[PDB]
Structure formats: C-alpha cells, structure tokens
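Please read the structure below before turning to the comments.
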Amino acid sequence: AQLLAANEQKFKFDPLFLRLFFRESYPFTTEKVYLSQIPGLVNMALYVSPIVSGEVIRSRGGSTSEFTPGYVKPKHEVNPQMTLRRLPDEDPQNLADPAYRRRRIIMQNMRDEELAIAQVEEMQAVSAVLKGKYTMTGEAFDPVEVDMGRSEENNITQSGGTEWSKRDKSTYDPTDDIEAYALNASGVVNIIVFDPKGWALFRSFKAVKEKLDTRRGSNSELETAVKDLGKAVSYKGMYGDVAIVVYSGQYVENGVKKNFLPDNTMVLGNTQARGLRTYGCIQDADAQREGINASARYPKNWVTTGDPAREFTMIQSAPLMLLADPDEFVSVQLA
Amino acid sequence: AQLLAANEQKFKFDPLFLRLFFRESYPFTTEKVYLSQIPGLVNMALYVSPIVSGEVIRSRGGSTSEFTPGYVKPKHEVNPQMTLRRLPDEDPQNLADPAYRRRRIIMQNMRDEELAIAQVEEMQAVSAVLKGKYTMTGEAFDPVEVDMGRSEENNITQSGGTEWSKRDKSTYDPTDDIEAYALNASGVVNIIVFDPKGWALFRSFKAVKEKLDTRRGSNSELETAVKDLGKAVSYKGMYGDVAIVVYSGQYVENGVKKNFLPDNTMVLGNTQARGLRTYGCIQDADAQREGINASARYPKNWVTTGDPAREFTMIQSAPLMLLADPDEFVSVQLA
Amino acid sequence: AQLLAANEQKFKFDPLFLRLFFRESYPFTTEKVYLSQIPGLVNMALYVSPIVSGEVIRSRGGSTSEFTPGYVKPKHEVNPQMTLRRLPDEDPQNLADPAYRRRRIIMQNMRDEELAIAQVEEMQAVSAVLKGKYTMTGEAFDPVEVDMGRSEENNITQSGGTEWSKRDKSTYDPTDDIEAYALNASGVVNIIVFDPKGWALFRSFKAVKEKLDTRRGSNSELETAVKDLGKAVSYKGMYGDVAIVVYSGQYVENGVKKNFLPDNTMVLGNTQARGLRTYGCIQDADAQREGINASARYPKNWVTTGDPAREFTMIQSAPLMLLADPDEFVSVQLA
Amino acid sequence: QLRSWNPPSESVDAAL
C-alpha cells in the first residue's frame, strides 16, 4: 500500500482519437451524463436592439441527458514474487530490494491499467465514429445503446450500386466518391485514414497513385503525431489536397488479438470535430471524502487484511465519451 | 458583477492579419470612420524655395469618409451552475468555491468573447483582402458595402484563358503567372499563402517541387509567427525567392463549421501592407462617463435585477478594419 | 589478473538490431528460456461487472518454453609481449610500463570480446528476422532449431511469378509489391532497409528514383542512429512515406570476410517490433557466488598456475535473442 | 622489477 501521489507516468499516447477529436472532457460530481447540463454549442447569433437588452441565455437544454458512463474499475496484484521487466543493466541490486521491485511493479501494473482503459476507450471511439451507436454493455449489466444520432447519409455504403472492386483498376478515380461522401459531412474532410485493405483497394486505382503526393509537404502537426505514435497510425502521404493515413491498431482480447478496425470502413470528417469525454461518479470512499468524485482517473495501492490478506493496485474511472456532431462524419463500408 | 480590471488575458493570437497587415488602429470618439480625418499617407514630396516657406499641409481630405463600424456587443452568462474546464488537478476545492468558479468562468466567457470578435474580424479581413468589398450587414441593419477600391487587375482570374489544372503537371512552371500577377500589385510579394487545395495544384507542377526549398533558411519573423500560431498557418517552406505558406483556418458557424478560405484563391502582396483598424463609438454609459468611447474593446460583469434577475458578462467593440491600398494585393481565383 | 570493475567501455554500437528491435532483455537465474515465464504480451482486454471482480490473471502460459541459450564464453591472452595500439603520441613511456600496457591491452582484448559476441548476436538477429529460424549449433553440441514461427506469407518470394529484374526498368513501380508484402505484416512498415544490390535493382526503376526524396526531412532518431553508426547502415533517404536504408555490414570469419546479408533479401516490418533478449545461466563460480547468474555479460582477468602458467581475460554470456512476433516481418528474397 | 609498481611523472596528488 503506497500513497496516491505514486501515480506518475507522463505517458499519454492515445491513438489520435481521445487527444485530437475528443479533447472535450467533462468529469462530473454526478452519476450519469446530462447533455442538457453540458453547454455544448451555445445559442450563438441573436443580438438586442440599441435601446435595452434581452432575456437570459442558458445552456440550451439538450433533449437527451441520461446515459450510463462506463464505470471501469479493474485491479491487479503487485506481489513481490516475480522477476520484473529489467531495463538493461540499471543495477539489479535495487530489483533485489522488495521496495524498488514493489514500486516499479506498481508502476508497471498501473500503466497496464490506464492503457487498458485507453484501449477500451478507443474501441468505444471506433464504435462511436463508425456507426454513431455505442454499446454500454457488460455481464451483470443491462446493455444501453448510447446514440449520438448518426444519420443515414452518414451510413451510406460503397458496395451499394457500383463497388470500387467492381471498377476499372486503372482509369476509375474514387475522388468523385470522395467528394460525394464528403459533401454530406457538415464540414470539410482533411484526413482519409483507412483500414489497411481499404487503403489497398483505394490505391489500387492508378489515378490515386499518380494523384497522391508521397512527399512530406508538412501540412500540420499530424506528422508530429505520427512520429510520436509510430506504432499503428501510418502517414501514407499527401493525396494532394487531403492527407492519407492508415490505422492498423489492434486490441489483444481475452484469448486472441484482432484489429480495432473492421474489414473495409471509412469516416469522412474534420480533424477538429467536437468530442465529449463526460465522466461519471467515482465510487471510492477515498475519492468522495477527498473530492475526486469529479475527475478523470483514480489509482490506489492498498492492503487487504483477512481472507485475501494481500496487497493490490486498483484503478477506477467512468468514461462515456461521445461525439457532439454524429453528422460530422460519414461512415462508409467499402468494396 | 466583478470590476472592469478583471479583464486580463495576455492572449493575442490573431492569425497574422490584424497583427501583421492591419496594425494601424484608429479608435474614435465618433461613430463612423472618417477617412478624411485619418492622415493615412501624407502628401510627402514638395519642398519650398530657399527664401521663405510655403502653405500649411493638412490631412489630405479623403474622398469617402463615411462607413458604419461593426458595433458588436455580445454577452453571455457565467451562472455558477456548471462544472468548468478543470485544468489537470489544480485543487478542485477552489472550483467548489463559487468565487473561484465565477471568476475563472468569467475568464473563460470573456476569452470566448474576444476570440469570437477576432474570428468575425478575420472573416472581415479575408473578405477585405480577397475582393476589396466588405459586407457591413446583419439582420435589423442595412447592408452597407464598404469598398477599399480593389481594381480589376487585382481581380484577374487564373481560370481565364489557360488553367493550371489544364496544363502540364510536369513541365509547366506557374512562376511565370506568379510574376504576371505580382507585377500589377503596387509592390513586391513575399508570401504566397494558399488555401490547401490551391497549394495542392500549385505544387502538382514538378518545376514547383524542385524549385522550392524545404529548408528553414530563416528569412524573417514569419517562422516565429508560425511557431506561435501552429494551428492553421503552415509554413510550407521556401520557393527560393518567396515564402510559401498555407492557411487552413476554419470558422465554426451557428450549426456547422467551414474554412475561412474559399476553394482556390490567392492574394499577392507585401507583408507590410497598410491596414486600418478604425473603431467607432462604444455605446455604453460606463464607457462614455469614464472615457472609453475611443478604445478597442470593453468588458463588464453586471447583475440584472428584476425579470431577468441574473448576472452577465458583456463585451462591446466597433471595428471597421480595412486596407489602405486595395491595389496592394492581386486577388486571383485559381484553376 | 585485474579486478571485475576494470570493465569500462561506454561503447554500445550494435547495428540497430539489438538496440532498436530487440531491447527486451531477460537474463535469468535458470539455464533455458521459458517463454511461459516471460509475460510477453499480456491478456489485455476483459473487464468485470460493476458488482465484484473476477479471477486472477497470470503470465499466459507460452506454449513452447524450452530452448538452449548460446552460452558463449571465449577468452584471450593479454601477455605483455606485444607492442600495442599506440594512439598518436600519448606518452609511450606508459606503454613501456607493464602496468599500463597490461591494463589497456585487457581493455583492447575485452572490447574485441564483446564486439565478437555482438557480431555473432547480429548473425543470430539476421537469421531470426530473415527466416524465423535460428540455428543454435556448434561442434560438440546438438543443433537446436529455435523457431519463432515465421509464417508462409512472411516468406513469400519476389522471384515467384514476375521478377523485378524481369520487369520494365523505367515504367514499372515496385510500390505495388511494397504494399503487397506490407499488408500481411501485422503492422505498418517504416524502414525498407535493403542489402546493396537489392536496393540497386529496387532503384533501377525510374518511378522509384523520382518517387524518392533525397532530402533529410528528418523523420525520427534514425538519422541520429545513422550518424552514430556511419559504418554499415546507410540512410539513402526518403521514398516519400517510408524511409530507405541499406545495410552492408560484414562479418570477418575464420579465414575470410563476407557480408551479413544474403544476396537479395528484405524484411518488411515496424521499427518498434518486440525483440526478446532472454539470457541463460552464467557458468562461472564467481558469477554464482556473487549473484551474476542472471545478467548480460561477465568479464574476468585471471592467472593460471601450473602447466599453462599464464594470465587471461575471459568473457562469458548466454544470449538467446528472438522476436516476439515472427509474423511482424515479411521476409522476401528479391529478383 | 619496476613493472609491478609504476610511478607517473606529475604532481603528487594527481600521481596518487
């Protein structure tokens, strides 16, 4: 059992979703998300006559304001019985210390913990901006469908009508489809991040390959983001006007591993779409009596006396991240 | 209701227009802009004989001296019912204080306010140096067209005749067009800032890509400006003699978001073009009896007693920023 | 015979394999490698219901956990009968000292020793990520094949079907093959390091030479790595999206020298692939009674009394470095 | 015999 302050990572490397589209964090002192409580977009046009001023403007009463945040509280043991991750030859005598082994093993345990919540949050993000629906579900828990409201024109499919696979691999240009799906996106699209084989049949067209610019032509901080997360986001290059990226991230589930992304999917939208990170109550007596009922995360190291007389690291959170405008992204399944 | 002095930002990050071309602020004690009153360029050549001296020289009577400044006075509520922006873990106990929540929420409210007036001012700037016309307009207000006087050769179009899209993507050099449009600009052009796809088809020509220098070769403080506003101005690099920039700024309107820039446009001119920031009267009894009738901005925090018995933050301004020489920039719509 | 602490090099210059892909060192107190003992990738998805928590999660029992580490213990003599490497004119009077000659000759001897183990380890690495098979072999020792499990699609060949040599040297683009081999690599490929003539026929295609960017466009620390090891890794430049490198390292065997790399080979994978450096027991009475049974390397200087009454420097190690994901790299023999 | 014991030529502090 070590203090709360032993929670230093400086490792925030989420794959460009919770850090770039979903910056809009709202931890609450209350259980649910109350979209009426969030101001979101403000009623933002009307003025008043040059004699007096008008009424009082409020948070404009969101129609649906009741969903259950994913209160996730996992834990692990940091029992000093293992040989640990030994960074090359930094004096294993301190590993021989139970104190250093226990502290850096709580380091390792907790980092596994937040990357676990981060990967489940990224699955929530990919569900969110791929269908507008999120499955708040788990065993011994009712499945609540949390819908931002993704429209039908945001779910139009490439296989409908003519498929890119069922097209000329040399002369056909899918740019026409690119603006066709981008027009009904309530904004400009500046990233065309694909799943791998989706980008494969996208680039199979020649027009794509002599239309794209392999050069840097550094447009924004997206190159810096790729250099940071050189793991699963791949900056293919410029398609001229728009940036071409491929995400091949993978989640390692209970017995097997598989990619986050489905077979062939796309979301057309902006890099500055508004993403909410509403956070529920944290059900920990420590959190309430020290005021961490409204926060992002909560770690603790703590000893059980009695039957499971041991010591554990416990991580608690409650995210219900969504997208403010589901119509911002057009979600297309590809050929 | 908190005092006037609670208006500390130190956040002036306008996108290189009102800070670099339009430094020339003229807040007035009078309603309109009186270009005859502004000295502008001074009659600046003639001397007198070596016996006596000549007549008195004045502000040389601007022909048109009557336009309506955009007196913008929005407001918001800072009602202590929200959970606010919680910067990571700086003692949320003070957020629990109504005093600290109210003061930093008036901070947040007012900063939204000046960035709102800044973004509408940037739309005014982009209209100004893209067509020489500005639409002083709003509901319950007559639309006044404020024209600096942009000439026809400053509005000549690339699609006229031969288009860059309708050219050789490999051998054609658009530099010839670059000096063709730069010659009738009443000066030297040293920034070639494009909108994104405009720069895309500009660089599609090979001659561009082996003529441009990707290196720093730090010419001026424009690199410092880009480092400051790494958001939407992108320093592509050197084209050799001239700097290549791309602006992809976006305004988030009432229900949707879209870029400031049109599809494919260009303005050729200097970085030291003269930009006027004439400012009208501020219609606030506080402003008049304390002498802020001639200023840039005016904040206030204030309580309404009675029907809307509440408390608000009110921001008032009246900009009518224009360009002294509309002929300084040649405005071209691209292929 | 000089003490253990006389083992100071500060010279770790392995060719980007054991330092960049294979950082994951696991020295053991036990003879073999027990992949079941290594946690490797952790079962990393499942949570528990918001009522109680679930079972205990372990190291997920690697199927094969028994291979023989390459316990390498060579030695040399540092007999003070040679004239040594004389760095230019730093007072050869100390070389005339038997003390200084013996200490800097044990320096030279031992550095030869770890660079020997490093070069044999690099041959192990090149076998590993070129076929997934490693030959744990030596005279008076059974040859154990240590297989990570490289799949067939990771061993698909360029000569199969159409060869790059048997293609148009001007119009054909091998980028199509690049993504063809990269798609079945379980991730993104960001280095295309070739052996010399492999890169030669790669670049023989024009499309390659006007698609590649010779410029720095410094992407990552790989330029720093090349500046460090300017010997045998050659940063050709940017191919646009991906980095182009060539390795021409050479090992100098018993009577002759020859390159590490085969004639024309390629491995497509990430720069952050997981590489294990499991290390076996160190069979030295000194190592056991001072606890260096679980470490990287062990030097010693020591005198033999009797028939070989002399003094030697002895170096002992036991690496069995492998790759966690053999499917991470696609190994292709070229045209 | 001067081999197993060697004096440098320098100030005594930096020689010891």
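Here, A, B, ... name the chains of the structure tokens in the order displayed, residue numbers run from 1 inside each chain, and ligands are numbered from 1 in the same displayed order.
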Both chains have the same sequence, so match all Cα atoms in order, fit chain C onto chain A by least squares, and return it as a compact mmCIF listing (two decimals) with C-alpha atoms, in the first residue's frame.
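See result23.txt below for the written result:
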```
# COMPACT_ATOMS: atom_id res chain seq x y z
CA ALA C 1 0.00 0.00 0.00
CA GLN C 2 1.69 3.15 -1.31
CA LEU C 3 0.35 6.69 -1.41
CA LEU C 4 -1.83 8.27 -4.09
CA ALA C 5 0.98 10.51 -5.39
CA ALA C 6 2.86 7.42 -6.68
CA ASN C 7 0.95 7.75 -9.95
CA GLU C 8 3.50 9.44 -12.22
CA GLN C 9 3.52 8.36 -15.88
CA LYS C 10 3.92 11.33 -18.26
CA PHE C 11 2.83 8.74 -20.86
CA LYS C 12 -0.24 9.97 -22.76
CA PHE C 13 -0.09 8.24 -26.15
CA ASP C 14 -3.70 7.56 -27.15
CA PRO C 15 -4.09 6.97 -30.94
CA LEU C 16 -5.18 10.43 -32.06
CA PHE C 17 -8.82 9.96 -31.04
CA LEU C 18 -9.19 10.95 -27.38
CA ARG C 19 -6.41 13.53 -27.84
CA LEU C 20 -7.43 15.12 -31.16
CA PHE C 21 -11.17 14.67 -31.75
CA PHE C 22 -12.34 14.07 -28.17
CA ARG C 23 -10.48 16.67 -26.08
CA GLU C 24 -13.74 17.91 -24.55
CA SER C 25 -13.54 16.33 -21.07
CA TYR C 26 -16.46 16.69 -18.63
CA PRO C 27 -15.93 14.83 -15.36
CA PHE C 28 -18.97 15.24 -13.13
CA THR C 29 -19.86 15.00 -9.45
CA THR C 30 -23.00 13.18 -10.64
CA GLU C 31 -23.50 9.63 -11.87
CA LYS C 32 -24.86 9.97 -15.41
CA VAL C 33 -24.13 12.27 -18.32
CA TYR C 34 -26.57 15.17 -18.54
CA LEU C 35 -26.21 16.57 -22.05
CA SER C 36 -28.65 19.30 -21.05
CA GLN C 37 -26.11 20.29 -18.38
CA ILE C 38 -23.23 20.48 -20.88
CA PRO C 39 -23.44 23.80 -22.77
CA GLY C 40 -22.07 22.14 -25.89
CA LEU C 41 -22.72 24.50 -28.74
CA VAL C 42 -24.15 27.78 -27.42
CA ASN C 43 -27.11 29.59 -28.97
CA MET C 44 -24.85 31.99 -30.79
CA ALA C 45 -26.45 34.51 -33.17
CA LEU C 46 -29.05 36.91 -31.78
CA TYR C 47 -28.37 40.43 -30.55
CA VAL C 48 -30.67 43.03 -28.99
CA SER C 49 -31.95 46.44 -30.08
CA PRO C 50 -29.89 49.57 -29.32
CA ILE C 51 -32.23 50.62 -26.50
CA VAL C 52 -32.16 47.82 -23.90
CA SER C 53 -31.03 44.22 -23.70
CA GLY C 54 -32.99 40.98 -23.80
CA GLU C 55 -33.57 37.87 -21.73
CA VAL C 56 -31.14 35.49 -20.04
CA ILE C 57 -29.47 32.82 -22.20
CA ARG C 58 -28.93 29.35 -20.69
CA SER C 59 -27.39 26.04 -21.61
CA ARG C 60 -29.90 25.21 -24.33
CA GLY C 61 -31.48 22.16 -22.74
CA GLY C 62 -30.18 19.05 -24.50
CA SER C 63 -33.07 16.78 -25.42
CA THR C 64 -31.49 13.55 -24.13
CA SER C 65 -29.44 13.91 -20.94
CA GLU C 66 -29.30 10.42 -19.37
CA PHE C 67 -26.73 7.75 -20.23
CA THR C 68 -24.67 5.46 -18.01
CA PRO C 69 -20.90 6.10 -18.01
CA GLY C 70 -18.66 3.06 -18.26
CA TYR C 71 -17.53 2.94 -14.66
CA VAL C 72 -14.49 0.71 -15.08
CA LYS C 73 -12.58 -0.23 -12.00
CA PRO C 74 -10.06 -3.04 -12.59
CA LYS C 75 -7.16 -4.04 -10.36
CA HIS C 76 -4.13 -6.26 -10.17
CA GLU C 77 -1.64 -7.67 -7.71
CA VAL C 78 1.93 -6.41 -7.42
CA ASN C 79 3.04 -9.33 -5.25
CA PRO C 80 6.86 -9.24 -4.94
CA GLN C 81 7.29 -12.80 -6.21
CA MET C 82 8.16 -12.04 -9.85
CA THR C 83 11.30 -11.11 -11.59
CA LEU C 84 10.27 -7.90 -13.33
CA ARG C 85 10.95 -6.02 -16.54
CA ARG C 86 14.71 -5.41 -16.23
CA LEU C 87 15.68 -2.38 -18.26
CA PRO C 88 19.23 -3.20 -19.46
CA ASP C 89 21.67 -3.29 -16.55
CA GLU C 90 20.50 -0.50 -14.24
CA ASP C 91 21.82 -2.16 -11.08
CA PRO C 92 19.56 -5.21 -10.44
CA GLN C 93 20.50 -4.85 -6.76
CA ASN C 94 17.54 -2.49 -6.41
CA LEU C 95 15.30 -5.09 -8.03
CA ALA C 96 16.63 -7.37 -5.29
CA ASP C 97 15.14 -4.77 -2.95
CA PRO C 98 11.47 -5.52 -2.22
CA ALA C 99 10.94 -1.75 -2.02
CA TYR C 100 12.17 -0.95 -5.52
CA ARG C 101 10.62 -4.07 -7.03
CA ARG C 102 7.27 -3.22 -5.45
CA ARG C 103 7.31 0.42 -6.51
CA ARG C 104 8.31 -0.13 -10.12
CA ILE C 105 5.94 -3.10 -10.33
CA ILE C 106 3.08 -0.87 -9.20
CA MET C 107 4.38 1.46 -11.92
CA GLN C 108 4.12 -1.37 -14.47
CA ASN C 109 0.78 -2.59 -13.14
CA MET C 110 -0.87 0.81 -13.19
CA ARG C 111 0.48 1.67 -16.64
CA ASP C 112 -1.03 -1.57 -17.93
CA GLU C 113 -4.21 -0.37 -16.22
CA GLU C 114 -4.53 3.02 -17.91
CA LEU C 115 -3.52 1.58 -21.27
CA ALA C 116 -6.28 -0.99 -20.74
CA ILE C 117 -8.85 1.72 -20.10
CA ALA C 118 -7.36 3.63 -23.05
CA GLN C 119 -7.77 0.68 -25.41
CA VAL C 120 -11.34 0.03 -24.30
CA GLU C 121 -11.93 3.77 -24.72
CA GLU C 122 -10.51 3.52 -28.25
CA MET C 123 -12.93 0.68 -29.00
CA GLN C 124 -15.68 2.99 -27.75
CA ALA C 125 -14.31 5.71 -30.05
CA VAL C 126 -14.20 3.46 -33.10
CA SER C 127 -17.78 2.29 -32.46
CA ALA C 128 -18.79 5.92 -31.95
CA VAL C 129 -17.29 7.30 -35.13
CA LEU C 130 -18.07 4.33 -37.23
CA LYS C 131 -21.81 3.96 -36.55
CA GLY C 132 -22.93 6.63 -34.07
CA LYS C 133 -24.01 3.81 -31.74
CA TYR C 134 -22.11 2.70 -28.65
CA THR C 135 -22.84 -0.46 -26.65
CA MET C 136 -22.66 0.40 -22.95
CA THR C 137 -22.76 -3.27 -22.02
CA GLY C 138 -21.28 -5.92 -19.78
CA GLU C 139 -22.27 -9.06 -17.94
CA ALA C 140 -24.47 -8.37 -14.90
CA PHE C 141 -25.32 -5.04 -16.55
CA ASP C 142 -28.06 -4.03 -18.97
CA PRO C 143 -26.89 -3.10 -22.50
CA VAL C 144 -27.65 0.58 -23.02
CA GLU C 145 -27.31 1.81 -26.58
CA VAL C 146 -25.85 5.33 -26.45
CA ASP C 147 -26.59 7.02 -29.78
CA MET C 148 -25.20 10.37 -30.86
CA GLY C 149 -27.63 10.31 -33.79
CA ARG C 150 -25.60 9.37 -36.85
CA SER C 151 -27.77 9.97 -39.91
CA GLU C 152 -28.48 7.66 -42.83
CA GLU C 153 -26.42 9.71 -45.30
CA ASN C 154 -23.58 9.27 -42.79
CA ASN C 155 -24.01 5.48 -43.15
CA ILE C 156 -24.21 5.22 -46.93
CA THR C 157 -22.27 2.29 -48.34
CA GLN C 158 -19.77 1.91 -51.19
CA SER C 159 -20.98 -1.60 -52.08
CA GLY C 160 -24.37 -0.09 -52.88
CA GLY C 161 -24.54 0.40 -56.63
CA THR C 162 -21.02 0.11 -58.05
CA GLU C 163 -18.13 -1.19 -55.96
CA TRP C 164 -14.55 0.03 -56.22
CA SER C 165 -13.52 -3.61 -56.55
CA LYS C 166 -16.09 -3.81 -59.38
CA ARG C 167 -14.49 -0.89 -61.23
CA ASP C 168 -11.57 -0.21 -63.55
CA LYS C 169 -8.37 -0.62 -61.54
CA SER C 170 -6.58 1.77 -63.91
CA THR C 171 -8.83 4.61 -65.12
CA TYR C 172 -11.52 4.99 -62.45
CA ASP C 173 -10.90 7.78 -59.95
CA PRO C 174 -12.51 7.36 -56.50
CA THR C 175 -12.11 11.09 -55.84
CA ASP C 176 -15.62 11.56 -57.22
CA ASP C 177 -16.89 9.27 -54.47
CA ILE C 178 -14.61 11.15 -52.07
CA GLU C 179 -16.46 14.44 -52.52
CA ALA C 180 -19.74 12.53 -52.89
CA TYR C 181 -19.38 11.24 -49.33
CA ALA C 182 -17.68 14.42 -48.07
CA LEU C 183 -20.45 16.81 -49.16
CA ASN C 184 -22.97 15.45 -46.63
CA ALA C 185 -20.48 15.59 -43.76
CA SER C 186 -21.35 19.04 -42.34
CA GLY C 187 -17.82 20.26 -42.99
CA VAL C 188 -14.50 19.75 -44.71
CA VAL C 189 -12.63 16.44 -44.57
CA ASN C 190 -8.85 16.62 -44.25
CA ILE C 191 -7.86 13.07 -43.21
CA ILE C 192 -8.75 9.97 -45.23
CA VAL C 193 -7.47 7.42 -42.70
CA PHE C 194 -8.28 3.91 -43.95
CA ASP C 195 -8.05 0.45 -42.57
CA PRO C 196 -5.23 -1.42 -44.38
CA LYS C 197 -7.00 -3.34 -47.14
CA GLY C 198 -9.42 -0.43 -47.54
CA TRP C 199 -6.49 1.79 -48.44
CA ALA C 200 -5.19 -1.10 -50.55
CA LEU C 201 -8.16 -1.13 -52.90
CA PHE C 202 -8.31 2.67 -52.70
CA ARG C 203 -4.75 2.93 -54.04
CA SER C 204 -5.26 0.06 -56.50
CA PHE C 205 -6.67 2.71 -58.83
CA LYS C 206 -3.87 4.33 -60.83
CA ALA C 207 -5.47 7.79 -60.71
CA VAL C 208 -4.98 7.56 -56.94
CA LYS C 209 -1.31 6.66 -57.24
CA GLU C 210 -0.37 9.44 -59.67
CA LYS C 211 -2.69 11.87 -57.86
CA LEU C 212 -1.17 11.32 -54.42
CA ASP C 213 1.97 13.14 -53.30
CA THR C 214 4.37 10.90 -51.39
CA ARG C 215 6.30 13.98 -50.27
CA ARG C 216 6.21 15.39 -46.76
CA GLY C 217 4.81 18.81 -47.66
CA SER C 218 4.28 19.13 -43.94
CA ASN C 219 0.72 20.38 -43.57
CA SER C 220 0.11 20.35 -39.82
CA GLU C 221 1.09 18.64 -36.57
CA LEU C 222 -0.23 15.32 -37.91
CA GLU C 223 3.31 14.42 -38.98
CA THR C 224 4.40 15.10 -35.40
CA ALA C 225 1.55 12.91 -34.16
CA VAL C 226 2.68 10.08 -36.45
CA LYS C 227 6.28 10.48 -35.30
CA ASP C 228 5.02 10.21 -31.72
CA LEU C 229 2.74 7.21 -32.34
CA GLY C 230 4.78 5.42 -34.97
CA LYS C 231 3.02 2.22 -33.88
CA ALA C 232 -0.31 1.92 -35.66
CA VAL C 233 -1.04 5.24 -37.42
CA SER C 234 0.75 5.40 -40.77
CA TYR C 235 1.01 8.69 -42.64
CA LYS C 236 0.87 7.39 -46.22
CA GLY C 237 1.37 10.87 -47.63
CA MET C 238 -0.48 13.61 -49.48
CA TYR C 239 -3.29 12.86 -51.90
CA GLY C 240 -2.74 16.45 -52.94
CA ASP C 241 -5.47 18.38 -51.16
CA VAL C 242 -6.11 15.81 -48.41
CA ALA C 243 -3.94 13.75 -46.07
CA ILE C 244 -3.85 9.96 -46.45
CA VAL C 245 -3.45 7.93 -43.25
CA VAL C 246 -3.94 4.26 -42.36
CA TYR C 247 -4.79 2.96 -38.89
CA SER C 248 -3.88 -0.67 -38.20
CA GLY C 249 -4.24 -0.67 -34.43
CA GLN C 250 -5.00 -3.97 -32.72
CA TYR C 251 -6.61 -4.96 -29.42
CA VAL C 252 -5.49 -8.15 -27.68
CA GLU C 253 -8.66 -9.63 -26.22
CA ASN C 254 -9.16 -12.39 -23.66
CA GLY C 255 -7.53 -15.17 -25.66
CA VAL C 256 -6.76 -13.73 -29.09
CA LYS C 257 -5.82 -10.47 -30.81
CA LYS C 258 -7.52 -8.65 -33.67
CA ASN C 259 -7.56 -5.20 -35.26
CA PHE C 260 -9.71 -2.39 -33.89
CA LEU C 261 -10.87 -1.58 -37.45
CA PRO C 262 -13.38 -3.68 -39.38
CA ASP C 263 -12.56 -5.11 -42.80
CA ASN C 264 -13.15 -2.04 -45.02
CA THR C 265 -14.51 1.14 -43.43
CA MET C 266 -14.15 4.91 -43.63
CA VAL C 267 -15.21 8.01 -41.72
CA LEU C 268 -15.14 11.34 -43.57
CA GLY C 269 -14.90 14.39 -41.33
CA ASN C 270 -12.70 17.09 -39.83
CA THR C 271 -9.72 16.85 -37.50
CA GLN C 272 -11.40 19.43 -35.23
CA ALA C 273 -14.70 17.64 -34.65
CA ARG C 274 -16.04 18.15 -31.14
CA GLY C 275 -15.69 15.14 -28.87
CA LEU C 276 -17.15 14.92 -25.38
CA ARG C 277 -15.45 12.98 -22.57
CA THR C 278 -18.21 13.07 -19.97
CA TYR C 279 -17.09 11.21 -16.85
CA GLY C 280 -19.35 9.83 -14.14
CA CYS C 281 -19.01 9.47 -10.40
CA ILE C 282 -16.05 7.58 -8.95
CA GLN C 283 -17.36 5.05 -6.40
CA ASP C 284 -14.49 5.07 -3.93
CA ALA C 285 -14.82 6.31 -0.36
CA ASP C 286 -11.35 7.82 -0.69
CA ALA C 287 -12.43 9.67 -3.83
CA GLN C 288 -15.54 11.10 -2.21
CA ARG C 289 -14.02 12.30 1.03
CA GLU C 290 -11.10 13.92 -0.81
CA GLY C 291 -13.21 15.32 -3.67
CA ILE C 292 -12.14 13.10 -6.58
CA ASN C 293 -15.78 12.34 -7.35
CA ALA C 294 -15.33 14.60 -10.41
CA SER C 295 -12.10 13.65 -12.16
CA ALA C 296 -10.58 11.52 -14.88
CA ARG C 297 -8.89 8.57 -13.16
CA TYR C 298 -8.15 7.31 -9.67
CA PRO C 299 -5.32 4.95 -8.64
CA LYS C 300 -4.64 3.41 -5.25
CA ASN C 301 -2.36 0.86 -3.59
CA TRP C 302 -3.97 -0.95 -0.71
CA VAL C 303 -3.71 -3.98 1.57
CA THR C 304 -6.46 -6.49 2.34
CA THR C 305 -6.38 -7.96 5.84
CA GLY C 306 -8.09 -11.28 6.43
CA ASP C 307 -9.05 -13.95 3.90
CA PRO C 308 -7.38 -12.33 0.84
CA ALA C 309 -4.64 -10.88 3.03
CA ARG C 310 -2.65 -9.36 0.18
CA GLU C 311 -1.98 -6.01 -1.48
CA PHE C 312 -3.36 -4.67 -4.74
CA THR C 313 -3.35 -1.74 -7.15
CA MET C 314 -6.84 -0.50 -8.00
CA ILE C 315 -7.73 1.80 -10.91
CA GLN C 316 -11.14 3.46 -11.20
CA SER C 317 -12.70 5.55 -13.97
CA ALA C 318 -16.06 6.26 -15.62
CA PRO C 319 -15.84 7.50 -19.22
CA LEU C 320 -18.80 7.95 -21.55
CA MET C 321 -17.01 9.72 -24.40
CA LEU C 322 -19.19 10.50 -27.43
CA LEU C 323 -19.21 12.85 -30.43
CA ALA C 324 -21.10 16.14 -30.33
CA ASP C 325 -22.00 16.00 -34.04
CA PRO C 326 -22.54 12.45 -35.33
CA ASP C 327 -23.37 14.01 -38.71
CA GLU C 328 -19.81 15.39 -38.83
CA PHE C 329 -18.51 12.04 -40.11
CA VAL C 330 -19.87 9.99 -42.99
CA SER C 331 -19.32 6.29 -42.23
CA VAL C 332 -18.90 4.15 -45.35
CA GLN C 333 -18.26 0.43 -45.69
CA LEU C 334 -16.05 -0.13 -48.71
CA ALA C 335 -16.00 -2.59 -51.60
```
Quick one: DSSP strand (DSSP E) residues in stretch 80-312 of chain B, as a ChimeraX atom specification?
/B:133-138,141-147,233-238,243-247,250-252,257-259,265-268,275-279,297-304,310-312
Please report, as a VMD selection string, each residue of stretch 27-211 of chain A to which DSSP assigns alpha helix (DSSP H) when run on this structure's backbone.
chain A and resid 93 to 96 98 to 131 175 to 183 196 to 203 206 to 211
